[PDB]
Amino acid sequence: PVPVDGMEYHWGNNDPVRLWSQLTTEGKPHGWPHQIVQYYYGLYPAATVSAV
Amino acid sequence: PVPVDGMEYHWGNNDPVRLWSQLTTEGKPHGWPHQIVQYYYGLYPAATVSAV
Amino acid sequence: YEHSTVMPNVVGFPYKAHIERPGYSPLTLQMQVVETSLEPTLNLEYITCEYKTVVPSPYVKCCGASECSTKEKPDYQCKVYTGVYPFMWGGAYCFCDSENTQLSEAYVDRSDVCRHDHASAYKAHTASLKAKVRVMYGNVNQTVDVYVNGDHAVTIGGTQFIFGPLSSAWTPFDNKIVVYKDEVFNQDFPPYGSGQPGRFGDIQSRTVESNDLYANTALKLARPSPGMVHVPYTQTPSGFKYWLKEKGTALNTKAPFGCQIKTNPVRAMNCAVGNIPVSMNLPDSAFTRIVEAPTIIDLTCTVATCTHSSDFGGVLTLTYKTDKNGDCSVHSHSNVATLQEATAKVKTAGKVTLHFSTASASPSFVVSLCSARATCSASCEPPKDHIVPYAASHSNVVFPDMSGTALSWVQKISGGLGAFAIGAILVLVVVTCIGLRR
Amino acid sequence: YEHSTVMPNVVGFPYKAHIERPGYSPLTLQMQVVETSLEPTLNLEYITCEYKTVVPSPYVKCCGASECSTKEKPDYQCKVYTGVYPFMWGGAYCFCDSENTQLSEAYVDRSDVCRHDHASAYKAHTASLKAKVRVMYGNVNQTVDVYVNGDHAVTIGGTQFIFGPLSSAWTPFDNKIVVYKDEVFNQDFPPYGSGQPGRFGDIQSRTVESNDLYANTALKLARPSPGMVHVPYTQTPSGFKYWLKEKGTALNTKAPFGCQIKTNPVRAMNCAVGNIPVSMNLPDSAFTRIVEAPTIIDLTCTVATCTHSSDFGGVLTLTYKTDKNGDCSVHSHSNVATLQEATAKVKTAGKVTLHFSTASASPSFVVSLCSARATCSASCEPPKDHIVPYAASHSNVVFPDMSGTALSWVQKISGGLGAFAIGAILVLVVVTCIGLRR
Ligand SMILES: *[C@@H]1O[C@H](CO)[C@@H](O[C@@H]2O[C@H](CO)[C@@H](O[C@@H]3O[C@H](CO)[C@@H](O)[C@H](O)[C@@H]3O)[C@H](O)[C@H]2NC(C)=O)[C@H](O)[C@H]1NC(C)=O
Ligand SMILES: *[C@@H]1O[C@H](CO)[C@@H](O[C@@H]2O[C@H](CO)[C@@H](O[C@@H]3O[C@H](CO)[C@@H](O)[C@H](O)[C@@H]3O)[C@H](O)[C@H]2NC(C)=O)[C@H](O)[C@H]1NC(C)=O
Ligand SMILES: *[C@@H]1O[C@H](CO)[C@@H](O[C@@H]2O[C@H](CO)[C@@H](O[C@@H]3O[C@H](CO)[C@@H](O)[C@H](O)[C@@H]3O)[C@H](O)[C@H]2NC(C)=O)[C@H](O)[C@H]1NC(C)=O
Ligand SMILES: *[C@@H]1O[C@H](CO)[C@@H](O[C@@H]2O[C@H](CO)[C@@H](O[C@@H]3O[C@H](CO)[C@@H](O)[C@H](O)[C@@H]3O)[C@H](O)[C@H]2NC(C)=O)[C@H](O)[C@H]1NC(C)=O
């Protein structure tokens with residue numbers, strides 16, 4: 001897992017390498033109200049339902 | 001002043017000297033009730049009056 | 001001129017501060033924390049190394065007897081056996097057939113290489129933080145190393161900087177530490193003088209060169225087998241050696257906040273927590289007089305493209321009108337968006353472009369060039385790349401602006417419902433007022 | 001056998017412990033705190049010493065002009081003066097009438113005695129105690145060095161002792177400390193790099209040997225008089241030299257609880273406060289067979305004379321009957337009285353004497369000899385001498401016993417009034433019962 005904070009891995013004898021996730025989703029923002037909810041449900045899918 | 005805890009005085013190049021005071025007073029314990037008040041007045045002359 | 005601000009304790013984050021003197025054109029300073037180090041204070045408790053056992057040659061007193069003598073050595077053991085008739089290659093000496101004596105003697109001592117291979121048991125508290133920071137403004141570069149607490153002032157080309165104490169007091173080191181070579185462990189070690197055999201701390205010494213020693217291995221001597229000379233002994237294996245393979249994990253691969261541990265001296269480098277307050281004192285040479293600064297009028301802002309990715313992914317166009325050609329200081333007064341450059345080269349054509357990074361669907365922020373101001377609002381689509389190998393360069397603010405599409409819809413719906421409710425209240429009030437006036 | 005107790009942290013106080021194994025005769029062991037030490041943990045901030053001013057000889061160059069060049073020296077000052085017409089012993093050189101020039105140069109540097117004579121500035125925190133205690137019991141008598149924190153166990157004659165963490169966490173040293181020779185001062189110094197002229201810290205260096213130096217003493221050069229070669233300057237006197245005269249007070253003459261201060265290392269000694277827990281683990285050879293110990297029956301205590309002074313000022317006689325002669329481990333189960341010795345040689349005569357010290361006019365305590373018990377009370381008279389040079393040997397408790405004359409008197413008065421009130425209540429209850437029954 002690689003959350004929006006990031007993670008580092010150390011393979012074999014190399015130097016450790018870091019990876020950061022990026023704010024991506026599957027809804028369509030700035031479209032219909034039934035799509036903006038999907039866009040904001042792809043992100044943080046635990047407060048969006050409560051707010052709606 | 002030399003309270004019951006004691007104090008040290010250091011004079012010139014001599015070593016400091018420490019002095020302590022004893023629980024002495026002027027009443028008569030184990031006697032008449034008006035003398036026992038004197039005895040417990042010499043010690044702690046601030047709560048004896050309140051207690052009496 | 002004095003000033004104060006706060007900057008995040010993130011390595012590589014390009015912090016930009018704005019200075020706005022009443023009698024001069026504004027400045028923009030830039031700071032980057034290129035490295036940190038959080039060093040705790042250490043007290044040595046003891047040093048552990050693999051033991052080694054000394055077995056002096058046996059003393060066979062034959063045609064007589066011998067008696068055990070006690071000494072003062074760590075785990076010293078001495079015993080006497082009776083009735084031995086040892087043999088050697090040439091034959092059997094000690095002509096006396098039965099009444100013989102054999103003396104067995106043993107004790108423990110630190111190894112020969114305890115000076116090069118040992119584990120240190122420390123107790124850590126009251127960490128101190130050290131930083132190295134690049135500061136750049138006007139026309140000066142430079143990186144200085146500063147103690148981050150309210151008591152170190154460094155002068156960088158006539159300006160004085162003081163980095164106040166850190167906001168949070170979190171340190172990844174527990175109250176007790178064990179240090180071995182290049183690894184640090186959060187471990188609870190036995191108290192001095194009470195080590196138990198077979199685990200960490202079977203032998204204990206106050207310092208690598210101290211002569212005293214405390215050892216538990218429970219040596220037990222045994223009666224030598226008939227017709228032989230061997231001094232048989234038994235002893236629990238080496239506690240340090242067992243610890244070496246059963247230590248488990250480390251701190252290097254466990255520390256939170258992603259800061260890496262290093263040894264000699266023990267410290268933890270480059271982890272993000274809290275804010276550094278910074279106080280400044282600038283001389284008058286740095287600023288520029290407003291008569292020299294060009295005057296900017298009728299400044300407005302538009303956005304070409306916006307994609308809220310970690311990199312600098314939004315292009316901004318500012319249009320204006322000026323009288324002379326020069327340089328201005330550009331700033332964005334909100335942390336919802338961060339600008340890439342601090343100074344802009346202003347011409348009479350009336351167009352400049354800037355780059356910004358954000359993380360909100362509908363950013364809204366006020367941007368200033370020299371003395372003017374304007375507001376920018378935009379619509380930003382999410383990116384396509386799932387994973388990027390560089391850290392984020394925005395302040396990570398997600399809540400959209402109130403004029404964006406989403407809150408526009410919310411405002412419209414709430415306005416409709418409120419209109420309906422107020423209309424119902426008015427009708428009811430009129431009817432009740434008629435009823436009361438009847 | 002495991003045991004625990006608590007011991008006051010007062011030097012010279014002969015604390016006693018009583019241990020009762022159910023199958024063994026009781027034991028009394030004596031502990032005493034001979035010496036203490038309170039090590040604070042220090043990290044050097046900087047060093048200050050009197051500065052020294054170097055002035056290189058003037059460069060009076062004739063028939064032309066000269067230019068000054070900056071240098072990277074602590075508090076450097078260089079200037080050029082025109083129109084100079086110097087003179088020497090034989091005559092006036094620089095043949096040109098007025099096209100001459102002088103270059104004045106000056107800078108400051110740490111004095112050469114700074115390595116021998118200087119003042120250090122520390123930050124102090126997290127004191128650690130250590131102590132040395134003499135223990136004795138039966139035929140054992142020893143003096144040992146122990147750390148007073150819960151992880152140093154020391155073995156004394158087969159017995160394991162652990163002295164726990166101190167009761168309170170009070171320390172005499174403030175957050176910031178200044179050390180000079182053998183005196184310590186609770187002061188606050190300016191931050192490194194921001195010293196001020198004329199006071200403490202006009203020059204600062206990170207360490208005695210460090211190459212860098214920060215000095216700020218307002219060295220100002222002035223043009224030379226007509227017809228002379230002297231390079232005049234004005235420069236504020238030594239801040240360290242001022243401080244050496246106006247430091248004021250100390251800690252050696254101001255520290256509370258009457259504890260000495262010493263330097264190298266910084267420590268505060270014999271500093272009485274709080275309680276020390278003790279955990280003990282004893283072998284089974286320390287006690288004795290109850291069968292082999294004598295039996296005591298019909299134990300009576302009579303006090304001969306009592307006088308509550310600081311010395312051991314009361315005498316007890318214990319009368320008993322025994323079967324066989326031996327040793328008994330006497331103890332007093334209350335802190336109102338403190339006994340002198342811990343053993344008594346019991347003989348068939350059935351008469352033993354003991355000395356004790358108290359601090360109350362009417363003490364009452366239970367004293368035990370071997371396994372027996374007795375309750376013993378006394379009447380004590382005040383002492384005459386107003387002041388003596390030895391510390392208190394009693395526990396300093398003053399509340400008298402319930403059976404004492406004062407409390408018996410108050411008991412009698414209260415009983416009289418209480419019986420009066422009870423009678424009044426009975427009369428009222430009888431009358432009201434009759435009235436209700438009517
Ligand atoms: C040379 O060989 C002879 C062979 O016997 C050795 O004589 C033995 O010497 C030992 C030591 O004095 C004797 O032990 C003694 O035994 C008696 C009891 O009989 C005991 O009371 C003594 O305290 C002591 O332990 C041993 O008896 C004796 N052998 C005989 C047969 O009596 C001799 O010691 C050898 N000499 C050398 C230099 O090796
Ligand atoms: C202030 O000083 C620092 C360091 O002197 C400057 O950073 C340096 O910038 C140059 C070019 O801008 C870097 O050179 C190039 O770096 C890339 C990095 O990938 C390398 O691949 C190239 O081959 C080339 O060497 C240089 O490395 C870099 N130094 C450091 C330590 O980062 C900085 O630019 C100066 N300030 C300004 C405003 O330029
Ligand atoms: C011997 O004494 C004579 C005095 O006449 C020295 O002559 C001086 O030479 C210097 C050469 O640099 C002249 O300085 C120049 O003067 C001009 C005119 O003001 C000025 O523009 C230049 O910038 C430079 O300062 C100086 O005037 C001249 N003295 C005069 C003409 O009276 C000669 O140098 C001496 N010889 C030595 C010292 O070996
Ligand atoms: C337990 O052992 C310690 C030492 O191991 C004993 O300390 C002893 O203390 C006495 C007096 O407190 C010392 O005697 C003194 O000798 C000097 C010599 O000039 C004399 O001036 C004094 O008036 C006093 O007589 C004695 O030397 C010392 N023993 C030593 C240092 O070995 C302690 O007394 C022992 N406990 C008991 C109950 O005996």
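Every residue, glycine among them, receives a Cβ derived from its backbone with ideal geometry; neighbour counts consider all protein chains shown. Taken together, the values in this text are just the output of simple stated rules run on the coordinates, not laboratory data.
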| query | Once amide H atoms are built 1.01 Å from N in the peptide plane, which residues 5 or more positions from C:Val34, or in another chain, come under 5 Å H to H? | reply | C:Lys132, C:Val133, C:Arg134
| message | Relative contact order for chain C: what percent, with Cα pairs under 8 Å and sequence separation of 6 or more? | response | 16 percent
| Residues with amide H under 5 Å of C:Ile296's amide H, sequence separation 5 or more or different chain, H placed in the peptide plane at 1.01 Å from N; which? | C:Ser371, C:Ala372
| task | Counting only C-alpha contacts under 8 Å and six or more residues apart, can you give the relative contact order of segment D:99-236 as a whole percent? | result | 17 percent
| Between the helical axis of D:405-437 and the dominant principal axis of chain D, each derived from Cα atoms, what acute angle in degrees is found, rounded to the nearest 10? | 60 degrees
| remark: Kirkwood calc, segment D:78-208, C-alpha pairs only, radius in angstrom 22.0 Å
| Residues in segment D:40-55 that a label on D:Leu213 would reach, taking backbone N under 20 Å of a point 7 Å out along Cα→Cβ | D:45-55
| query | Measuring from a point 7 Å past the Cα of D:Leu244 along Cα-to-C-beta, which residues in segment D:141-181 have an amide N at less than 18 Å? | reply | D:178-181
| What is the Cα radius of gyration of segment C:281-378 over 2.2 N^0.38 Å, N being its residue count? | 1.12
| In whole Hz, what ³J(HN,Hα) sequence does segment D:341-348 give by Karplus (6.51, -1.76, 1.60; θ = phi - 60°), x for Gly and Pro? | 10, 10, 9, 9, 7, 7, 10, 5
| request: Please turn the phi angles of segment D:239-250 into ³J(HN,Hα) values with the Karplus equation 6.51 cos²θ - 1.76 cosθ + 1.60 (θ = phi - 60°), one per residue in order, whole Hz, x for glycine and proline. | output: x, 4, 5, 4, 5, 5, 9, 10, 5, x, 6, 6
| query | Can you give the charge dipole size of segment C:277-333 about its Cα centre, rounded to the nearest 20 debye, using +1 on the beta carbon of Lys and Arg and -1 on the beta carbon of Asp and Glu? | reply | 80 debye
| said: Would you report the distance distribution of C-alpha pairs in chain D as whole percents per 20 angstrom bin, up to the bin with the largest distance? | reply: 18, 30, 22, 16, 10, 4, 1, 0
| task | Mind jotting down the distance between the C-alpha centroids of segment B:12-36 and segment D:250-327, whole Å? | result | 24 Å
| field | Hz values of 3J(HN,Hα) by residue in segment D:307-313 - Karplus curve (6.51, -1.76, 1.60), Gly and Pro given as x | value | 7, 7, 10, 6, 7, 6, x
| message | If exposed means no more than 10 neighbouring beta carbons inside 10 Å and the site is in a DSSP loop, what's the longest run of chain D without any exposed GluC sites (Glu not before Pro)? | response | D:293-438
| How high is the FRET efficiency from C:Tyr59 to C:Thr234, r the C-beta distance, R0 30 Å, rounded to 0.05? | 0.90
| message | Quick check on packing: order A:2-9, B:21-28, C:329-336 by the mean number of other C-beta atoms within 10 Å, highest mean leading. | response | C:329-336, B:21-28, A:2-9
| note | Rounded to one decimal in Å, the inverse mean reciprocal Cα-Cα distance for segment D:263-327, i.e. its Kirkwood radius, is 17.7 Å
| note | Hydrodynamic calc, the protein assembly as shown: Kirkwood Rh from Cα pairs, then Stokes-Einstein at 25 °C with viscosity 0.890 mPa s, so D in µm² s⁻¹ is 63 µm²/s
| remark: For chain A (alpha-carbon point model, no solvent) the Debye-based log₁₀ I(q)/I(0) at q = 0.21 Å⁻¹ works out to -0.77
| note | Using the Kirkwood radius over Cα pairs of segment D:313-438, the Stokes-Einstein translational diffusion coefficient at 20 °C and 1.002 mPa s, in µm²/s and rounded to a whole number, is 116 µm²/s
| field | For residues of A:20-28, the mean tally of beta carbons on other chains within 10 Å | value | 6
| query | So, with +1 on the Cβ of K and R and -1 on the Cβ of D and E, and no other charges, what is the size of the charge dipole of segment D:313-438 about its Cα centre, to the nearest 20 debye? | reply | 560 debye
| query | Per-residue mean of other chain beta-carbon atoms within 10 angstrom of the beta-carbon, peptide C:189-195? | reply | 5
| said: Please return the longest range in chain C lying between exposed loop sites, taking chymotrypsin sites (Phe, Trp or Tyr not before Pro), DSSP loop only, at most 10 other beta-carbon atoms within 10 Å, and leaving the sites out. | reply: C:96-438
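What relative contact order, as a whole-number percentage, does segment D:172-327 give when Cα pairs under 8 Å and 6 or more residues apart are counted?
Worked out over segment D:172-327, it gives 15 percent.
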| remark: In terms of the charge dipole of chain D, which places +1 on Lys and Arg and -1 on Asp and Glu at the beta carbon, the residue among D:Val108, D:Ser310, D:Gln196 farthest towards the positive end is D:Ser310
| field | Summed residue charge, Cβ within 12 Å of C:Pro389's Cβ, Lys/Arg positive, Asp/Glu negative | value | -2
| message | Using helices alone, I'd like the mean residue ellipticity at 222 nm for the protein assembly as shown: each DSSP H run of four-plus residues gives -39500 (n - 2.57), total over residue count, nearest 500. | response | -3500 deg cm²/dmol
| Inter-chain shielding of D:72-81 (mean C-beta neighbours from other protein chains, 10 Å cut-off) | 0
| message | For a quick check of your reading of the filter: which trypsin sites (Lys or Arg not before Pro) in segment C:46-152 sit in a DSSP loop and have no more than 12 other Cβ atoms within 10 Å? | response | C:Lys71, C:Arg115
| said: How big is the dipole moment of segment C:319-372 about its Cα centre under a simple scheme where the beta carbon of each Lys and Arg is +1, that of each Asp and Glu is -1, and everything else is neutral? Debye, nearest 20, please. | reply: 200 debye
| note | Given backbone amide H placed at 1.01 Å from N, residues whose amide H is under 5 Å from that of C:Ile276, ignoring those fewer than 5 places away on the same chain, are C:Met7, C:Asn9
| message | With the crude spin-label approximation of a point 7 Å out along Cα→Cβ, what separation in nm comes out for C:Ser225 versus D:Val430? | response | 10.4 nm
